[PDB]
Amino acid sequence: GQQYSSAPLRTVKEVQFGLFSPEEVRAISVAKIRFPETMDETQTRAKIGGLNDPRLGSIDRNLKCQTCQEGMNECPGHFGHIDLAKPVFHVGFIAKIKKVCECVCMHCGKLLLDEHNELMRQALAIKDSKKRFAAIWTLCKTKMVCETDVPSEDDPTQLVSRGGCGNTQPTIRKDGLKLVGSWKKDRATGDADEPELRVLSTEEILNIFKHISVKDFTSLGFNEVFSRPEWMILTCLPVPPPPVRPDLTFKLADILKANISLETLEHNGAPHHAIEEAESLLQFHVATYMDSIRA
Amino acid sequence: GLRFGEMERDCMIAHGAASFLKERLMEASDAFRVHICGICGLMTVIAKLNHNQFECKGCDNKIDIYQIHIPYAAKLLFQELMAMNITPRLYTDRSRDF
Amino acid sequence: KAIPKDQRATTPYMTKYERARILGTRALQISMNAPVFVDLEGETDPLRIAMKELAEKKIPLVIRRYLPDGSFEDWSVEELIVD
Amino acid sequence: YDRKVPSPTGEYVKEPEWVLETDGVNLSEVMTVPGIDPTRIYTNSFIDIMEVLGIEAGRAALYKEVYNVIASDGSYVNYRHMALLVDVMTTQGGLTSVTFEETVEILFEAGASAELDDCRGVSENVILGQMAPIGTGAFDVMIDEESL
Amino acid sequence: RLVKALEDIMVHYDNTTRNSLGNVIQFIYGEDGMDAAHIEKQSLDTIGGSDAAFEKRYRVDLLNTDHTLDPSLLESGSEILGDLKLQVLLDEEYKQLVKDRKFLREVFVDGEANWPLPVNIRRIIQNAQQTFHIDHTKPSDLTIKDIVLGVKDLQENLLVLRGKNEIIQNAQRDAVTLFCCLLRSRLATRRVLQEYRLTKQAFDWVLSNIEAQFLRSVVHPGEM
Amino acid sequence: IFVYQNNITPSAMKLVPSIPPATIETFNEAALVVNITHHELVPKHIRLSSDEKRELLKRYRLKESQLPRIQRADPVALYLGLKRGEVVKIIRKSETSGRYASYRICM
Ligand SMILES: [Zn+2]
Ligand SMILES: [Zn+2]
Ligand SMILES: [Zn+2]
């Protein structure tokens, strides 16, 4: 690395954290990772355009990537990707996912409390974005309805509209990697006892998240540019280069085996329940992958 | 004892000895060098050094780019974080767009 | 984002930390056979040489002082008063 | 108690005064009792001082509790160290108390919050192979091309 | 835990003390911009004493044959008796001593006179006395104006903050208030002549030292 | 401002923020029987005009969030009727400089 670079040289003065949207991950990929294999074109123990060299790294001595060249040694590592048949949760954020879910209307995407309410105005006011989430969550996890119409501050004979919808809200529990929904009408009177339990597809949750207003997800601590709430659900998954791997490949193998067969079923037409079960092995292997990269 | 723990660092901070504190607390883990987009702080930059071509595929940029030196452990720690869908973006400038 | 030579509002006195860092950056260079700007009226010790340098005001370096808001002033070694 | 007060001719003299001292505290209400001097009432509960008289009066109580502790042992520390501490405790406007791979938990949060690390700490700077902008690192040094 | 709480606070080249966020903790370090190593217990003279006593020691009345400066204190002494326009300066210096004493007795409700401040003035004066071999037995060649205006001008150069605007000027003046009270109390006309017996040259040395020492007590940016 | 003898009702008190811009302040009487800004530990707080504020921030070059804070319901802030975003200059006696000014911005 004793070779020369015309790029001016500097120290790092700032680290800006966030999440990688699926767009930016596709965006700075080289390779689309689809086959899950090393070497042997049919049976040629050499190099495959599908995982391992498809333009990222190289053991080989070869001063070669994709006209990036340098030694098996002064090469960063380049970044791969793997488009996911279905969205899965990021394991790391199940519990965040769960509490946004609890803040927002699971039809419309709109926060359950707002300016009108007043205990919420004081949580809204808090400065520290992790105390603020905490606080707004405490106010909202209680709220069983997406209200239409709500007393104002002002002369409370009268009510005032808010952007509405009206739908009842699940009580949400955690059940591995599965979030589970439970709806009522009431707390056990006449009208409706027995809740209807029903799993939360990643698919609907991603879909509710993409509908949450900039104002409303900022309000929860998220940021329009660097971390939106959707991005806690993976869609597109980065493949690290061989500098990262010292048997994490043996695991991304398995993700692909699962991605390949959820797609071959979704292709074939295939029962409701098989599609779901292959979706759940996807998830588990994408989860295990990262809860393993804590190492 | 025979070490240099939290409290010994604190005394050196008190005296203002930053160089010492960097020397003592380094890795011998060599300073690896790395190019970095100045718009998306990431280590995505394709550096053709021989043809003198530097591109962020995705940032669509071959102007704004930097070189930095960091410990290898850190270049790994960061690519580990990217593997987990976390962007640790390194910027060269403090006060921004404003 | 830079602050014109006039209008500079920070101390005209060198601080202990600047002085320490100057002398030591310069001794590092003198210790690696870098040309020297002053008469060695005997000295062999690079720190010592550097201090002779700083006293005769022959250290061509500039201190860039950042203010908390990103902005900065540049003060030359020549100009900083050493007390 | 004795109270040093200026005399009619200008010099300080002792002038005793009775003082009451209580077990327990009701500041808002005792202040209001006829016959006392409400301008000089005190408590060692700096929380109550801040609740009744505000953040600044609490800051100045808190200092005076800190200083009592350190002088009651008989030692002496310069003002400005205790002043620093007590400012750190009151600058948000209330009284805030001062009391391979782990940690992941925290970086995930960073991610999702878009945490901006200023890079001024000594650890962060170690990880990056750099000096911390403290003391001898709180400026840069550059080559003086402008000189003869 | 205290060290973990306070560890990032640093002084900056604006003299402000701030955290790693840039928040302001203090607009100037220690409320005075000094380094605590350069601060010493000194007595602030104006504060104590009876009203009679403060007026013997500091009042100069050039229009009054009992309360002028004896002519053995000063060469000009004959020539300033009854001079009206020196008296105007001296009334001005006294009014400031008087305010000084009131101000301080509000700050120190107790009357405590001994408080840490930078630049041990007594020991500079003691040095000047040694260094210029000063005869207690000869009138001085200082003038009224040399003293009175020399001590006003020194105040302007005891600098902690250097900004051209009004706000920073007010800060600078507030920062340097208490030290200026001790200063005007120590280099008032009648003390300079009658107690210290300074010559012009020693006096001019006293000042230019006060000023270098003051400037060397200021805290340095970058201190943790 | 409205001073009352022992309470308001949960829903009286709801009638307060109610007619913007015009604001409405409530005090219990007992909290007024004594002037807390006359107490010795309470220094002089002086609300800055929004110009004063502009100037303060330009000359320190700060963001609002870098200034020390005083809450909306701090006693003195109630006493002065401050509003969020308003800055008080606090001028205190000081055993090291005699006088010192600090500032806090209402939350
Ligand atoms: Zn490469
Ligand atoms: Zn809804
Ligand atoms: Zn880029």
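Here the protein sequences line up with chains A, B, C, D, E and F, keeping their order. Here the first sequence stands for residues 3 to 248, 261 to 305, 324 to 327, where the numbers follow full-length UniProt numbering. Here the second sequence stands for residues 1127 to 1224, where the numbers follow full-length UniProt numbering. Here the third sequence stands for residues 72 to 154, where the numbers follow full-length UniProt numbering. Here the fourth sequence stands for residues 1287 to 1385, 1402 to 1450, where the numbers follow full-length UniProt numbering. Here the fifth sequence stands for residues 840 to 1063, where the numbers follow full-length UniProt numbering. Here the sixth sequence stands for residues 109 to 215, where the numbers follow full-length UniProt numbering. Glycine included, every Cβ here is placed at the ideal spot set by N, Cα and C.
DSSP state of residue i mapped onto helix, strand, coil
i       : result
D:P1292 : strand
D:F1402 : coil
F:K161  : helix
A:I61   : coil
B:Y1192 : strand
C:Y84   : strand
C:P117  : helix
F:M121  : helix
E:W954  : strand
B:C1185 : coil
B:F1180 : strand
F:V195  : strand
A:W139  : helix
Host alpha helix (DSSP H) of residue i (start-end)
i     : result
A:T13 : Premise fails: A:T13 is in no alpha helix (DSSP H) and is neither H nor E.
A:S23 : Run containing A:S23: none; DSSP gives neither H nor E here.
Where the beta strand (DSSP E) through residue i begins and ends
i      : result
F:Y208 : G206 to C214
A:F91  : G82 to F91
A:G183 : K180 to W185
A:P240 : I235 to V241
A:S163 : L161 to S163
Residue nearest to residue i in terms of C-alpha spacing, selected from the options
i                       : options                           : result
D:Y1287                 : D:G1340, D:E1301 and D:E1342      : D:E1301
E:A1051                 : E:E1062, E:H877 and E:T855        : E:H877
F:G206                  : E:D871, E:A1041 and E:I983        : E:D871
residue 1076 of chain E : E:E1005, E:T1038 and E:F1053      : What is shown of chain E runs 840 to 1063, which leaves residue 1076 of chain E out entirely.
E:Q1040                 : E:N1048, E:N903 and E:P955        : E:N1048
F:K152                  : D:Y1362, D:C1421 and D:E1342      : D:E1342
A:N209                  : A:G183, A:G223 and A:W233         : A:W233
B:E1134                 : E:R962, E:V842, E:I919 and E:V850 : E:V842
A:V201                  : A:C238, A:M74, A:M108 and A:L121  : A:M108
A:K186                  : A:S203, A:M146, A:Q160 and A:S215 : A:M146
A:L53                   : A:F37, A:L65 and A:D62            : A:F37
D:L1409                 : A:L21, A:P10, A:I214 and A:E198   : A:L21
9 Å Cβ cutoff met for residue i and residue j
i       : j       : result
F:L156  : F:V195  : yes
C:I152  : C:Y88   : no
C:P75   : C:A98   : no
E:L943  : E:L883  : yes
B:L1175 : A:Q71   : yes
E:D847  : D:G1423 : yes
E:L908  : E:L902  : no
D:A1414 : A:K271  : no
A:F211  : A:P231  : yes
B:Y1192 : B:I1172 : no
A:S60   : A:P248  : no
E:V1031 : E:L981  : yes
C:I130  : C:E149  : yes
E:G1002 : D:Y1298 : no
D:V1363 : C:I134  : no
E:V990  : E:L1026 : yes
A:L262  : A:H92   : no
D:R1366 : E:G869  : yes
Residue i burial status per 10 Å Cβ neighbour count (16 or more: buried)
i       : result
F:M215  : buried
F:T204  : buried
A:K132  : exposed
B:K1201 : buried
E:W954  : buried
D:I1445 : exposed
D:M1375 : buried
F:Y112  : exposed
B:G1142 : buried
B:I1139 : buried
C-beta neighbour in chain I for residue i, strict 9 Å
i       : result
B:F1224 : You won't find chain I in this structure, because its protein chains are A, B, C, D, E and F.
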